[PDB]
>>> print(open('data08.cif').read())   # mmCIF, C-alpha atoms and all ligand atoms
data_work
#
loop_
_atom_site.label_atom_id
_atom_site.label_comp_id
_atom_site.auth_asym_id
_atom_site.auth_seq_id
_atom_site.Cartn_x
_atom_site.Cartn_y
_atom_site.Cartn_z
CA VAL A 3 0.00 0.00 0.00
CA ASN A 4 1.18 3.63 -0.75
CA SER A 5 -0.27 7.23 -0.50
CA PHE A 6 -1.31 7.99 -4.16
CA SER A 7 -5.06 8.71 -4.46
CA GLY A 8 -7.53 8.78 -7.35
CA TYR A 9 -5.28 7.18 -9.99
CA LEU A 10 -6.87 5.09 -12.73
CA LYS A 11 -5.19 1.70 -13.17
CA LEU A 12 -3.89 1.20 -16.70
CA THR A 13 -1.81 -2.00 -16.22
CA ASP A 14 -0.32 -4.15 -13.47
CA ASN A 15 2.21 -1.39 -12.66
CA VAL A 16 1.13 1.91 -14.38
CA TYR A 17 -1.47 4.29 -12.93
CA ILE A 18 -2.61 7.70 -14.27
CA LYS A 19 -4.30 10.86 -12.94
CA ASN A 20 -5.26 14.30 -14.23
CA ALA A 21 -3.17 16.29 -11.74
CA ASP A 22 -0.45 18.88 -11.36
CA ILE A 23 2.72 16.91 -10.55
CA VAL A 24 3.86 19.76 -8.26
CA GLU A 25 0.63 19.59 -6.20
CA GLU A 26 0.81 15.79 -6.17
CA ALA A 27 4.42 15.86 -4.93
CA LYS A 28 3.58 18.41 -2.22
CA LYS A 29 0.64 16.22 -0.96
CA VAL A 30 2.28 12.69 -1.29
CA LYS A 31 6.03 13.44 -0.68
CA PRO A 32 6.92 10.40 -2.76
CA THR A 33 10.31 8.71 -2.48
CA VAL A 34 10.99 9.70 -6.17
CA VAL A 35 9.55 12.45 -8.33
CA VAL A 36 10.65 12.40 -11.97
CA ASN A 37 11.59 15.69 -13.61
CA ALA A 38 11.22 16.10 -17.38
CA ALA A 39 14.74 17.53 -17.68
CA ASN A 40 17.00 18.69 -20.50
CA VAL A 41 20.68 17.72 -20.79
CA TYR A 42 21.80 21.02 -19.17
CA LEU A 43 19.38 20.71 -16.23
CA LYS A 44 18.12 24.20 -17.09
CA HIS A 45 14.70 24.10 -15.42
CA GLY A 46 13.02 26.97 -17.31
CA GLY A 47 9.60 25.76 -18.32
CA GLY A 48 7.19 22.87 -18.39
CA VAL A 49 7.41 20.33 -15.59
CA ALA A 50 11.01 21.29 -14.82
CA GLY A 51 10.25 24.99 -14.45
CA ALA A 52 7.19 24.19 -12.28
CA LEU A 53 9.10 21.73 -9.98
CA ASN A 54 12.02 24.14 -9.70
CA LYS A 55 9.74 27.11 -8.86
CA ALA A 56 8.12 25.00 -6.08
CA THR A 57 11.64 24.43 -4.58
CA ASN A 58 12.29 28.22 -4.51
CA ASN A 59 15.07 27.64 -7.15
CA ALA A 60 16.99 25.24 -4.88
CA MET A 61 16.63 22.54 -7.59
CA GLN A 62 18.36 24.85 -10.09
CA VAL A 63 21.18 25.74 -7.64
CA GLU A 64 21.87 22.04 -6.99
CA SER A 65 21.63 21.27 -10.70
CA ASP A 66 24.13 23.96 -11.66
CA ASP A 67 26.69 22.48 -9.27
CA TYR A 68 25.93 18.98 -10.73
CA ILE A 69 26.59 20.20 -14.29
CA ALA A 70 29.72 22.18 -13.28
CA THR A 71 31.17 18.92 -11.86
CA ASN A 72 29.84 16.25 -14.30
CA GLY A 73 28.91 17.97 -17.57
CA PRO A 74 25.62 17.50 -19.35
CA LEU A 75 23.40 14.42 -19.31
CA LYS A 76 22.74 12.34 -22.45
CA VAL A 77 19.37 12.42 -24.21
CA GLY A 78 17.76 9.26 -22.82
CA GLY A 79 19.85 9.58 -19.61
CA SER A 80 19.20 10.60 -16.05
CA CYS A 81 20.68 11.55 -12.71
CA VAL A 82 19.39 11.33 -9.14
CA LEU A 83 19.47 14.57 -7.13
CA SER A 84 17.64 15.88 -4.08
CA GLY A 85 13.81 16.06 -4.07
CA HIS A 86 14.06 19.18 -1.88
CA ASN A 87 10.65 19.96 -0.32
CA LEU A 88 8.76 17.82 -2.93
CA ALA A 89 10.14 14.27 -2.55
CA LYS A 90 13.07 12.39 -1.06
CA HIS A 91 14.80 12.25 -4.47
CA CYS A 92 14.30 13.77 -7.90
CA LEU A 93 15.14 11.56 -10.88
CA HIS A 94 15.98 14.03 -13.69
CA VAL A 95 15.22 12.16 -16.93
CA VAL A 96 15.94 13.53 -20.42
CA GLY A 97 13.31 12.46 -22.89
CA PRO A 98 13.97 13.52 -26.49
CA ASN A 99 12.68 16.97 -27.41
CA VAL A 100 11.13 16.68 -30.91
CA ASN A 101 10.98 20.52 -31.12
CA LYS A 102 14.83 20.53 -30.83
CA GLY A 103 15.09 17.74 -33.46
CA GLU A 104 16.17 15.01 -30.99
CA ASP A 105 15.59 11.33 -31.92
CA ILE A 106 12.16 10.04 -30.70
CA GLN A 107 13.70 6.48 -30.64
CA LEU A 108 15.50 7.54 -27.38
CA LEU A 109 12.16 7.69 -25.53
CA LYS A 110 12.38 3.98 -24.58
CA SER A 111 15.92 4.56 -23.19
CA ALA A 112 14.58 7.52 -21.18
CA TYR A 113 11.78 5.38 -19.60
CA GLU A 114 14.27 2.56 -18.77
CA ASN A 115 15.74 4.87 -16.10
CA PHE A 116 12.45 4.43 -14.15
CA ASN A 117 13.23 0.71 -13.67
CA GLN A 118 16.01 1.63 -11.17
CA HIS A 119 13.32 2.83 -8.70
CA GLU A 120 10.52 0.74 -7.11
CA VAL A 121 7.90 3.53 -7.09
CA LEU A 122 7.84 6.90 -8.92
CA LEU A 123 5.60 9.93 -9.38
CA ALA A 124 6.26 11.00 -13.02
CA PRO A 125 5.12 13.08 -15.96
CA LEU A 126 4.36 11.79 -19.38
CA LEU A 127 7.81 11.95 -20.97
CA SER A 128 8.30 13.81 -24.28
CA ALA A 129 4.70 15.12 -24.26
CA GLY A 130 3.52 18.73 -24.05
CA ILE A 131 6.21 21.24 -25.13
CA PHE A 132 8.61 18.22 -25.84
CA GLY A 133 6.76 17.73 -29.15
CA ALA A 134 6.22 13.92 -29.23
CA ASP A 135 2.91 12.09 -29.69
CA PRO A 136 1.58 11.63 -26.15
CA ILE A 137 -0.39 8.51 -26.99
CA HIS A 138 2.97 7.10 -28.19
CA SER A 139 4.71 8.19 -24.97
CA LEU A 140 2.11 6.42 -22.83
CA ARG A 141 2.46 3.23 -24.94
CA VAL A 142 6.28 3.31 -24.58
CA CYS A 143 5.88 3.89 -20.82
CA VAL A 144 3.59 0.88 -20.30
CA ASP A 145 5.74 -1.32 -22.56
CA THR A 146 9.07 -0.29 -20.88
CA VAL A 147 8.58 0.52 -17.20
CA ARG A 148 8.25 -2.56 -14.93
CA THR A 149 8.30 -0.69 -11.57
CA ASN A 150 5.29 1.11 -10.16
CA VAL A 151 4.71 4.43 -11.88
CA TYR A 152 2.08 7.04 -11.02
CA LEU A 153 1.74 9.36 -13.98
CA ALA A 154 0.46 12.89 -13.28
CA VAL A 155 -0.86 14.49 -16.54
CA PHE A 156 -1.49 18.25 -16.15
CA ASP A 157 -3.67 18.93 -19.22
CA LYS A 158 -7.32 17.81 -18.66
CA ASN A 159 -8.27 17.35 -22.30
CA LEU A 160 -5.04 15.35 -22.81
CA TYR A 161 -5.78 13.08 -19.83
CA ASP A 162 -9.26 12.32 -21.22
CA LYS A 163 -7.79 11.63 -24.69
CA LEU A 164 -5.07 9.32 -23.25
CA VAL A 165 -7.54 7.25 -21.19
CA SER A 166 -10.14 7.02 -23.98
CA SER A 167 -7.51 5.83 -26.54
CA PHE A 168 -5.49 3.47 -24.29
CA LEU A 169 -5.18 -0.13 -25.56
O1 LIG A 201 1.21 16.79 -18.26
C1 LIG A 201 0.98 17.21 -19.41
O2 LIG A 201 -0.04 17.87 -19.79
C2 LIG A 201 1.91 16.81 -20.57
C3 LIG A 201 3.28 17.43 -20.46
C4 LIG A 201 4.38 16.62 -20.22
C5 LIG A 201 5.56 17.26 -20.07
CL1 LIG A 201 6.98 16.31 -19.83
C6 LIG A 201 5.72 18.57 -20.14
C7 LIG A 201 4.66 19.33 -20.32
CL2 LIG A 201 4.81 21.07 -20.38
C8 LIG A 201 3.42 18.76 -20.44
#
>>> encode(input="data08.cif", output="structure tokens")
Amino acid sequence: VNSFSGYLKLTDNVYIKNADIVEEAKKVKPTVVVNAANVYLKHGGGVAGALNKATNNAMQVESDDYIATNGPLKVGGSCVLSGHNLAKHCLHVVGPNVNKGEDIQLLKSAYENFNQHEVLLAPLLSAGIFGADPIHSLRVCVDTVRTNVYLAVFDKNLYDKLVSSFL
């Protein structure tokens, strides 16, 4: 048993809700919240900007020191950093950004990072401003992640479309 409420069950291990991931993290304080990061960990917009704003920019300060030491992530890659006031840990995962011309085939690699963690609160990778087909992202998620994932989709109309079309 865990603390996630009102999620629709899609599969054995994937659950979904129409919710703001920031508000969900603040209420649940999960062990792991996933950030939809870029390779520079520049948390300007989207999920990353919203998570970072909720940490009062402490996520960005920590991330800048991570990059100064380690250099950028890979597309498809990840790193584990603090969850600050939102979670124990934040798993920063880089899904491909179609609007930057990154390879959509790296989405599966991105979701494989989730398998290193037993339970996660996560966004729908590569959707929204990332430019990929969300229906596709949800299919890759369910076909790749084996650990327990609670997806928090912000856009209402998108949530309804994803549930109605799910195979
Ligand atoms: O939750 C959503 O509506 C989809 C989405 C996913 C990501 Cl990763 C970023 C944005 Cl801005 C939006």
>>> axis_aligned_box(input="data08.cif", around="range 85-102 of chain A", padding_each_side="3 Å", output="lines of an AutoDock Vina configuration file")
center_x = 12.4
center_y = 16.0
center_z = -15.7
size_x = 13.2
size_y = 15.0
size_z = 36.8
>>> atom_distance(input="data08.cif", atom1="CA of residue 81 in chain A", atom2="atom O1 of ligand LIG 201 (chain A)")
20.9 Å
>>> closest_atom_pairs(input="data08.cif", of="chain A", to="ligand LIG 201 (chain A)", cutoff="6 Å", atoms="all atoms listed in the file", output="tab-separated table")
residue	atom	partner	partner_atom	distance
A:38	CA	A:LIG201	CL1	4.9
A:48	CA	A:LIG201	CL2	3.6
A:49	CA	A:LIG201	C6	5.2
A:125	CA	A:LIG201	CL1	5.4
A:126	CA	A:LIG201	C4	4.9
A:127	CA	A:LIG201	CL1	4.6
A:128	CA	A:LIG201	CL1	5.3
A:129	CA	A:LIG201	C4	4.3
A:130	CA	A:LIG201	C8	3.6
A:131	CA	A:LIG201	CL2	5.0
A:155	CA	A:LIG201	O1	3.5
A:156	CA	A:LIG201	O1	3.7
A:157	CA	A:LIG201	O2	3.8
>>> residues_around(input="data08.cif", residues="range 10-23 of chain A", least_positions_apart="5", cutoff="9 Å", atoms="all atoms listed in the file", output="tab-separated table (two decimals) with C-alpha atoms, in the coordinates of the input")
chain	number	residue	atom	x	y	z
A	28	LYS	CA	3.58	18.41	-2.22
A	35	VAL	CA	9.55	12.45	-8.33
A	49	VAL	CA	7.41	20.33	-15.59
A	52	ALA	CA	7.19	24.19	-12.28
A	53	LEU	CA	9.10	21.73	-9.98
A	123	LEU	CA	5.60	9.93	-9.38
A	124	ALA	CA	6.26	11.00	-13.02
A	125	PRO	CA	5.12	13.08	-15.96
A	143	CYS	CA	5.88	3.89	-20.82
A	144	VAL	CA	3.59	0.88	-20.30
A	147	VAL	CA	8.58	0.52	-17.20
A	148	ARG	CA	8.25	-2.56	-14.93
A	149	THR	CA	8.30	-0.69	-11.57
A	150	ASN	CA	5.29	1.11	-10.16
A	151	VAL	CA	4.71	4.43	-11.88
A	152	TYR	CA	2.08	7.04	-11.02
A	153	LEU	CA	1.74	9.36	-13.98
A	154	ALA	CA	0.46	12.89	-13.28
A	155	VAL	CA	-0.86	14.49	-16.54
A	156	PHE	CA	-1.49	18.25	-16.15
A	157	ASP	CA	-3.67	18.93	-19.22
A	158	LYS	CA	-7.32	17.81	-18.66
A	160	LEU	CA	-5.04	15.35	-22.81
A	161	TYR	CA	-5.78	13.08	-19.83
A	162	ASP	CA	-9.26	12.32	-21.22
A	165	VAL	CA	-7.54	7.25	-21.19
A	168	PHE	CA	-5.49	3.47	-24.29
>>> closest_residue(input="data08.cif", among="A:169, A:86, A:33, A:40", to="residue 59 in chain A", atoms="all atoms listed in the file")
A:86
>>> atom_distance(input="data08.cif", atom1="CA of residue 80 in chain A", atom2="CA of residue 99 in chain A")
14.6 Å
>>> residues_near_point(input="data08.cif", point="(14.3, 27.1, -14.8)", cutoff="8 Å", atoms="all atoms listed in the file", output="list in words")
residues 44, 45, 46, 47, 50, 51, 54, 55, 59 and 62 of chain A
>>> closest_residue(input="data08.cif", among="A:118, A:101, A:167, A:5", to="residue 29 in chain A", atoms="all atoms listed in the file")
A:5
>>> atom_distance(input="data08.cif", atom1="CA of residue 146 in chain A", atom2="CA of residue 97 in chain A")
13.6 Å
>>> residues_around(input="data08.cif", residues="residue 91 in chain A", least_positions_apart="6", cutoff="7 Å", atoms="all atoms listed in the file", output="ChimeraX atom specification")
/A:33-35,82-85
>>> closest_residue(input="data08.cif", among="A:56, A:36, A:121, A:134", to="residue 105 in chain A", atoms="only C-alpha atoms")
A:134
>>> closest_residue(input="data08.cif", among="A:75, A:96, A:88, A:27", to="residue 60 in chain A", atoms="only C-alpha atoms")
A:88
>>> closest_residue(input="data08.cif", among="A:95, A:122, A:163, A:78", to="residue 137 in chain A", atoms="all atoms listed in the file")
A:163
>>> decode(input="data08.cif", residues="range 151-169 of chain A", atoms="N, CA, C and O atoms", output="short mmCIF file (atom, residue, chain, number, x, y, z; two decimals), in the first residue's frame")
data_model
loop_
_atom_site.label_atom_id
_atom_site.label_comp_id
_atom_site.auth_asym_id
_atom_site.auth_seq_id
_atom_site.Cartn_x
_atom_site.Cartn_y
_atom_site.Cartn_z
N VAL A 151 4.66 3.02 -11.43
CA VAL A 151 4.71 4.43 -11.88
C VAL A 151 3.31 5.04 -11.80
O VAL A 151 2.32 4.43 -12.30
N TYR A 152 3.28 6.19 -11.19
CA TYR A 152 2.08 7.04 -11.02
C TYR A 152 2.25 8.25 -11.90
O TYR A 152 3.08 9.13 -11.57
N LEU A 153 1.59 8.24 -13.03
CA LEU A 153 1.74 9.36 -13.98
C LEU A 153 0.75 10.47 -13.63
O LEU A 153 -0.46 10.19 -13.48
N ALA A 154 1.28 11.70 -13.55
CA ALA A 154 0.46 12.89 -13.28
C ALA A 154 0.48 13.76 -14.56
O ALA A 154 1.51 14.38 -14.85
N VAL A 155 -0.66 13.73 -15.28
CA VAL A 155 -0.86 14.49 -16.54
C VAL A 155 -1.53 15.84 -16.22
O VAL A 155 -2.59 15.82 -15.67
N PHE A 156 -0.89 16.94 -16.54
CA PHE A 156 -1.49 18.25 -16.15
C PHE A 156 -2.71 18.60 -17.02
O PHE A 156 -3.72 19.07 -16.48
N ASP A 157 -2.58 18.43 -18.34
CA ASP A 157 -3.67 18.93 -19.22
C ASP A 157 -4.91 18.01 -19.14
O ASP A 157 -4.82 16.88 -19.39
N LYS A 158 -6.05 18.60 -18.83
CA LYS A 158 -7.32 17.81 -18.66
C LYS A 158 -7.72 17.13 -19.96
O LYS A 158 -7.98 15.93 -19.98
N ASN A 159 -7.86 17.90 -21.00
CA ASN A 159 -8.27 17.35 -22.30
C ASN A 159 -7.31 16.24 -22.71
O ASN A 159 -7.76 15.19 -23.27
N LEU A 160 -6.02 16.39 -22.48
CA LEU A 160 -5.04 15.35 -22.81
C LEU A 160 -5.29 14.09 -21.97
O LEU A 160 -5.28 13.00 -22.52
N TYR A 161 -5.49 14.24 -20.69
CA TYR A 161 -5.78 13.08 -19.83
C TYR A 161 -6.94 12.29 -20.42
O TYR A 161 -6.89 11.06 -20.51
N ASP A 162 -8.03 12.99 -20.74
CA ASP A 162 -9.26 12.32 -21.22
C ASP A 162 -8.92 11.60 -22.51
O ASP A 162 -9.40 10.47 -22.72
N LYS A 163 -8.19 12.25 -23.40
CA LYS A 163 -7.79 11.63 -24.69
C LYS A 163 -6.92 10.39 -24.44
O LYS A 163 -7.11 9.36 -25.14
N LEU A 164 -5.98 10.44 -23.51
CA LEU A 164 -5.07 9.32 -23.25
C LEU A 164 -5.87 8.13 -22.72
O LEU A 164 -5.61 6.96 -23.08
N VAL A 165 -6.74 8.36 -21.75
CA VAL A 165 -7.54 7.25 -21.19
C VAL A 165 -8.43 6.65 -22.27
O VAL A 165 -8.46 5.43 -22.45
N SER A 166 -9.12 7.49 -23.03
CA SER A 166 -10.14 7.02 -23.98
C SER A 166 -9.47 6.18 -25.07
O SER A 166 -10.09 5.19 -25.54
N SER A 167 -8.21 6.50 -25.41
CA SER A 167 -7.51 5.83 -26.54
C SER A 167 -6.60 4.69 -26.09
O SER A 167 -5.96 4.05 -26.97
N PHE A 168 -6.50 4.43 -24.79
CA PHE A 168 -5.49 3.47 -24.29
C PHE A 168 -5.87 2.05 -24.66
O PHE A 168 -7.03 1.63 -24.46
N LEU A 169 -4.93 1.28 -25.20
CA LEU A 169 -5.18 -0.13 -25.56
C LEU A 169 -4.75 -1.06 -24.41
O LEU A 169 -3.54 -1.19 -24.10
#
